[PDB]
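Trainee: The structure under discussion is supplied below as structure tokens; questions concerning it will follow.
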Amino acid sequence: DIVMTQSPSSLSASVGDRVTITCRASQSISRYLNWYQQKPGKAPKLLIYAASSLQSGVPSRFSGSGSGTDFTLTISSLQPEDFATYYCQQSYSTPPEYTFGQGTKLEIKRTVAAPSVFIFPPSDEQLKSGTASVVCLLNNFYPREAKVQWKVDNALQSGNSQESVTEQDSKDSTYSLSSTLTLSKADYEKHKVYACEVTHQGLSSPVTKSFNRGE
Amino acid sequence: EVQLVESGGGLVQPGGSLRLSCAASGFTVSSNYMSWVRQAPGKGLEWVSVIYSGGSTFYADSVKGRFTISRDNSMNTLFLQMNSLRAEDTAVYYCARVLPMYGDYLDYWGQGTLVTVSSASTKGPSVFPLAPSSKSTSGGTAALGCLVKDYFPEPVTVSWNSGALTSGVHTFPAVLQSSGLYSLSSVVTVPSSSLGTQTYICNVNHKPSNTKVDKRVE
Amino acid sequence: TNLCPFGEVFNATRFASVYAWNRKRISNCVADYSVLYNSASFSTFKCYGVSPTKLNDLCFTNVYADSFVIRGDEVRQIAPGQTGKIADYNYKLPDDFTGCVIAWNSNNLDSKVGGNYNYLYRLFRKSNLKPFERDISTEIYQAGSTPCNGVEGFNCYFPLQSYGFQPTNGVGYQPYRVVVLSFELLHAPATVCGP
Ligand SMILES: *[C@@H]1O[C@H](CO)[C@@H](O)[C@H](O)[C@H]1NC(C)=O
């Protein structure tokens, strides 16, 4: 068979930087290699084919190079829109194999930005259901790495919360995170102080947003 | 222009079958190389099958004997007949036009349809409001949103004010809980005086269960 | 004892592109087929219906020698019941083929630095070739509903592509010279026995 290995797999760079992604094949594939760009929740768009030839309608900053076993995808000066997962594909085998790479996730790097934090008590309509879900919102921050610590009467909660992160905003290149703390109605009314503690590179010390049940 | 629109994706139990369709415009399906390529959630792309212009078909080793690629000249449509489906077949399936110069390369892709192979059964979401709270948060911005909880399978779509509200909206990817369902949240940042002077409505649609619900917040 | 001109076919200086594959009719001679089997020069020597052992013992009406050049990975397509760009669009063997397929590496001759792009192969065709069909058309392929009018562009592509053999291409992408010997048998008197 044939295996296509990409390097690096994750990569961050600031607007204006030069970007370089590497592909390698287990056998020589002389120039039967293509590159695809796939943005989150969208279809892959072809960038380069025949290892050097730019697809019609693609910016000139995308360049293709290499032949044999090692190939290279290059972005001359990174644009805010260019955060995506780039794949190299082999078209050298007979019969077809269409081997892909694992992909290189490319994020846009910027100045660190502290997150705005909000907290949402459960809706009284949801309390009708016998369930209480508290939400902590972290808005428009960078970098992606943050920490949300749920506290119920200063008792650190674990195992009853999940969180999701948005992809990078296309213009300001920030992230957003929403963590949900889920409790039963009975367990929710036992306590009074519900807080989420946020630790982030952009904050001198952890921010804590809190409310008291019964306001 | 070229457009490829895909359909047929949904929920199927292990061992079942489902047939995808890809309606093409901008070229003749009976004259081009066509290929399906799938992407499991969070993983990379994987080519599944290809059909030549002459008609000869080829498949990946993971889907041989179970999948079958087809096409219809009169309605200009490509098909993928999936049989004996497994949990690993869970992926987003794309149809793409293949150009056979310099090896093969896919210059046009469809937007894709989701195929979920699970024993679990459908369930419509519960939609709870994320009401504007604490105070005038020492500025001018207030946050409000929708909690879309306990649905299966993916996906759900949420717009605000039937689409008239898009600047500042954040709709997070769904995370799968311990229970086997999905929960999603969508929030929007808004000035802290429009709370009485305006009204915000969230528009959740979960068509695997034919669930449509509009929920006003505060 | 006129001996069959196998040296003309196997040892020709130039071989044809697969899409324009060369056929040489062989008649009124005697072919010692064994001399070819026992050569160690050939990477591929596979016979169908006939057996390659023990076959200068037969008489045929006419022998056809089809010669062309393909890459190493595509030699497997020159066989009955195969599909792919070569079998479907360039050279097709019948399901009931009775003959021998012989191939050998020609990277020393058909490769050149910077690439040897004289060897072509057909890329597009609305229909698969019939057995022993030879398509030499170069008309622009119409991939959409818009007619091409002999000018290339979107959905209007040249049907032929060049291989591009270079001396350090992988053995799969190295040029191989192929010779297909087809044995026809009829009511008619046999003309090539080859004791
Ligand atoms: C081709 O030439 C070599 C050396 O001159 C000879 O041994 C071989 O028999 C020739 N091929 C045929 C088919 O006669």
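As you go down the protein sequences, you meet chains A, B and C in turn. End of the first sequence sits at 216 in our numbering; the numbers just go up one at a time, nothing left out. End of the second sequence sits at 498 in our numbering; the numbers just go up one at a time, nothing left out. End of the third sequence sits at 177 in our numbering; the numbers just go up one at a time, nothing left out. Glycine included, C-beta positions come from ideal geometry on N, C-alpha and C.
Taking only beta-carbon atoms, is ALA51 (chain A) less than 8 angstroms away from chain B?
Mentor: At least one chain B Cβ lies under 8 angstroms of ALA51 (chain A).
Trainee: Give me every residue whose Cβ sits closer than 6 angstroms to any heavy atom of ligand 1, in chain order.
Mentor: C:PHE(-12), C:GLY(-11), C:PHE(-8) and C:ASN(-7)
Trainee: Report the residue from C:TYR19, C:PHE24 and C:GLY54 whose alpha carbon sits nearest the alpha carbon of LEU37 (chain C).
Mentor: C:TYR19
Trainee: Does the segment 192 to 206 of chain A come close enough to the segment 361 to 368 of chain B that 3 or more CB-CB pairs lie under 8 angstroms?
Mentor: no
Trainee: For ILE68 (chain C), report the span of its alpha helix (DSSP H) as first-last.
Mentor: Residues 67 to 71.
Trainee: Would you list the one or two residues that DSSP bridges to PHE72 (chain A)?
Mentor: A:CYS24 and A:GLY67
Trainee: Under DSSP, the alpha helix (DSSP H) around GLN80 (chain A) begins and ends at which residues?
Mentor: Premise fails: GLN80 (chain A) is in no alpha helix (DSSP H) and is neither H nor E.
Trainee: Between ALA26 (chain A) and chain B, is any beta-carbon pair separated by less than 8 angstroms?
Mentor: no
Trainee: Taking CB distances under 8 angstroms as the criterion, tell me whether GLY(-11) (chain C) reaches chain B.
Mentor: Closer than 8 angstroms: no.
Trainee: Do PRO294 (chain B) and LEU365 (chain B) have their C-beta atoms within less than 8 angstroms of each other?
Mentor: yes
Trainee: Pull up the CB-CB distance for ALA52 (chain A) and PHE72 (chain A), whole angstroms please, since I reckon it's below 8 angstroms.
Mentor: 6 angstroms
Trainee: Out of B:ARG351, B:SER336, B:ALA423 and B:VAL470, which one is the CA nearest neighbour of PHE106 (chain C)?
Mentor: B:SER336
Trainee: Does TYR99 (chain A) get closer than 8 angstroms to chain B when you measure Cβ to Cβ?
Mentor: yes
Trainee: With H, G and I counted as helix, E and B as strand and the rest as coil, what does DSSP make of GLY54 (chain C)?
Mentor: helix
Trainee: Could you tell me the distance, in whole angstroms, from the CA atom of residue 237 (chain B) to the CA atom of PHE307 (chain B)?
Mentor: Outside the displayed span of chain B (281 to 498) sits residue 237 (chain B), for which this structure offers no information.
Trainee: Would you say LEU79 (chain A) and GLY17 (chain A) are within 8 angstroms of each other, going by their C-beta atoms?
Mentor: yes
Trainee: Got a sec? Which residues, its chain only, sit under 7 angstroms from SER416 (chain B) by beta carbon, not counting five neighbours each side?
Mentor: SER472
Trainee: Taking the alpha-carbon positions, what's the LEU184 (chain A) to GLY404 (chain B) distance?
Mentor: 21 angstroms
Trainee: Determine the direct distance from the alpha carbon of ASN312 (chain B) to that of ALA376 (chain B), and round the result to whole angstroms.
Mentor: 10 angstroms
Trainee: Any residues in the segment 136 to 148 of chain C with a beta carbon nearer than 8 angstroms to a beta carbon of chain B? Which ones, in chain order?
Mentor: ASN137, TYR139 and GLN143
Trainee: Applying a beta-carbon distance threshold of less than 9 angstroms, which residues of chain F neighbour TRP440 (chain B)?
Mentor: You won't find chain F in this structure, because its protein chains are A, B and C.
Trainee: So who's on the other strand from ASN131 (chain C), going by DSSP bridges?
Mentor: For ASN131 (chain C), which the question treats as bridged, DSSP gives no partner whatsoever.
Trainee: Got a sec: is the Cβ-Cβ distance from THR6 (chain A) to anything in chain B below 8 angstroms?
Mentor: no
Trainee: Across which residues does DSSP place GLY425 (chain B) in a beta bridge pair?
Mentor: B:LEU410 and B:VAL467
Trainee: What residues in the segment 424 to 437 of chain B bring their beta carbon closer than 8 angstroms to a beta carbon of chain C?
Mentor: none
Trainee: Counting Cβ pairs closer than 8 angstroms, one from the segment 58 to 73 of chain C and one from the segment 8 to 15 of chain C, do we hit at least three?
Mentor: Not touching, per the Cβ criterion.
Trainee: Beta-carbon of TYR155 (chain C) versus every beta-carbon of chain A: anything under 8 angstroms?
Mentor: With 8 angstroms as the cut-off, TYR155 (chain C) counts as an interface residue toward chain A.
Trainee: Per DSSP, what are the beta-bridge partners of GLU216 (chain A) in this structure?
Mentor: Beta-bridge pairing links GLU216 (chain A) to no other residue.
Trainee: Closer than 8 angstroms, Cβ to Cβ, to anything on chain A: give me those residues from the segment 37 to 56 of chain C, in chain order.
Mentor: Those residues of the segment 37 to 56 of chain C that come within reach of chain A (Cβ to Cβ, closer than 8 angstroms) are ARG53, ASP55 and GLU56.
Trainee: Look at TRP316 (chain B) and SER333 (chain B) and say whether their C-beta atoms are less than 8 angstroms apart.
Mentor: no
Trainee: Closest Cβ-Cβ distance between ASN151 (chain C) and chain A: below 8 angstroms?
Mentor: Residue contact check for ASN151 (chain C) against chain A: a CB pair falls below 8 angstroms.
Trainee: Could you tell me which residues DSSP pairs with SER117 (chain A) in its beta bridges?
Mentor: Answer is A:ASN140, bridged to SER117 (chain A).
Trainee: Measure from the alpha carbon of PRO433 (chain B) to the alpha carbon of each residue in B:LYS344, B:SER439, B:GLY443 and B:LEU291, then state which is nearest.
Mentor: B:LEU291
Trainee: Could you name each continuous beta strand (DSSP E) segment of 3 residues or more that falls completely within the segment -4 to 38 of chain C, going from the start of the chain to the end?
Mentor: 4 to 8 and 26 to 30
Trainee: Is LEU75 (chain C) buried or exposed, if buried means 16 or more other CB atoms sit within 10 Å of its CB?
Mentor: buried
Trainee: With which residues is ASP494 (chain B) paired in a DSSP beta bridge?
Mentor: B:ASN483
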